[PDB]
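What follows is one chain in structure tokens, specifically the form deposited in one PDB entry.
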């Protein structure tokens, strides 16, 4: 039961700047509400589906052939996310390489990458840590926008090559490869978080940050942005909507208890996210005190917030080299575990559909890894931060919400929630209670539909700190988002057009499970009765 205790890289990297962007404490209410309402029930649903059917994301829809486009959509979303997930790991490797010294590079203002405006004690970017991150690592000062991105840096190129080589050699021989990664992933982050929290509570000015964190702006609610952000982050962090959970549960024992796993994972997620936010806001308060600025303008709101905040707190400890090495090793391990999970999801989902790919695992693994490396080459250019921001905004947003809603609607309305409950009782010995059935059938779909409609209606053009993207970038992002959403109606049209018979016959074939198709000739379909749809 050590997989349940494993910490996610999302809770440590993405949650801080999403909480800081939305004012602090106002972000916690929609997050908890969505976790209770739609997060845990659908985690449970995906685990149970994968465990019962022993299939991947694509071939699990043999229970309802019309809904097979959702698996392709989630596989495409996983590929899109993996296209930029590994740049964070490359950054962590670069920082770990830079940490092997007694004079950390982010503490002084006397190096070759420092502008004459760098100050050693809108947005504030003249601090040594921010200057290091933006000029000695990204080299962003040589880029003018998404229209001018330049050539990739060779140091980040070497880091990316190392990352992809490790990823390939950790997957080329199959699943269950003696996953010692989860042992580090379940122990070290707790120690690091405890040490950082205990130290940061005592820093001068941290009280203001804690007060800001524990304050709720009720005007920040009633607007769409915080709800959309919380809903997207819940499913991003829990792993739902990527095909990871179904693929991993397809290897579980038949009588494994998915209820306990769902409960434990949800609790760990909540606790880790809250602690991470507390530590981040303590550091923010200290930084605002020391630089003599407001807390709303002291740091950036992008994907590189932790890479500035955490070295700043590390520099305040005694024995900074040891703590820096430990922290960046932990970050690297978290990233590697997440990337392994995503790659395995893609590979298993695609290999279950085509049986020829099962005899050529090494070649298929090489193809997937090389394609990911070639596509990730775009995000290590001089202006790669803009490409990364675009991908992080448009890869798993409305698309992932729509895919999750389609999965829930399919399972709970066309296959049958009572059939699902009977399937669970067959392998676990007990039947799910009324709360789970109600959440599966009515509560979660309604909230997901509302959030999808609101996200479409209230779209805001993309920005990065003080930089405003051109409109064609927004068009490109919306095209990326739609490329995964269009796959479901396309497959429905193809399945209807590729079946021979009459309208009634094709309609009956599209909704009947593949192993019950002998009932079409007998003309007895449960979906053609009122009791099937009235059943709750």
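Numbering follows the first chain given and starts at 1. The term rigid core refers to the maximal set of C-alpha atoms that superpose within 1.5 Å between the two forms.
From this point on, the text means the form deposited in another entry, which you will not see here.
S.K.: Which of 485, 37, 480, 473 has its C-alpha displaced by 2 Å or more between this form and the one not shown after core superposition?
M.R.: One residue passes the 2 Å cut-off, namely 37.
S.K.: Please say whether, between this form and the one not shown, the C-alpha of residue 142 moves by 2 Å or more once the core is aligned.
M.R.: No: residue 142 shifts by under 2 Å between this form and the one not shown.
S.K.: Is residue 511 displaced by at least 2 Å at its C-alpha between this form and the one not shown when the rigid core is overlaid?
M.R.: It does not, since the residue 511 C-alpha is displaced less than 2 Å between this form and the one not shown after the core fit.
S.K.: When the rigid core is used for the superposition, does residue 214 move between this form and the one not shown (threshold: C-alpha shift of 2 Å or more)?
M.R.: For residue 214, whose C-alpha is compared between this form and the one not shown after core superposition, the shift is 2 Å or more.
S.K.: Out of closer and farther, which fits the Cα atoms of residue 6 and residue 246 in the other entry compared with this form, where the change is 3 Å or more?
M.R.: Relative to the displayed form, residue 6 and residue 246 draw closer in the other entry - a change of at least 3 Å between their C-alphas.
S.K.: Closer or farther: the CA pair residue 23/residue 91 in the other entry, versus this form, with a change of 3 Å or more?
M.R.: The answer is farther, because the C-alphas of residue 23 and residue 91 separate from each other in the other entry by 3 Å or more.
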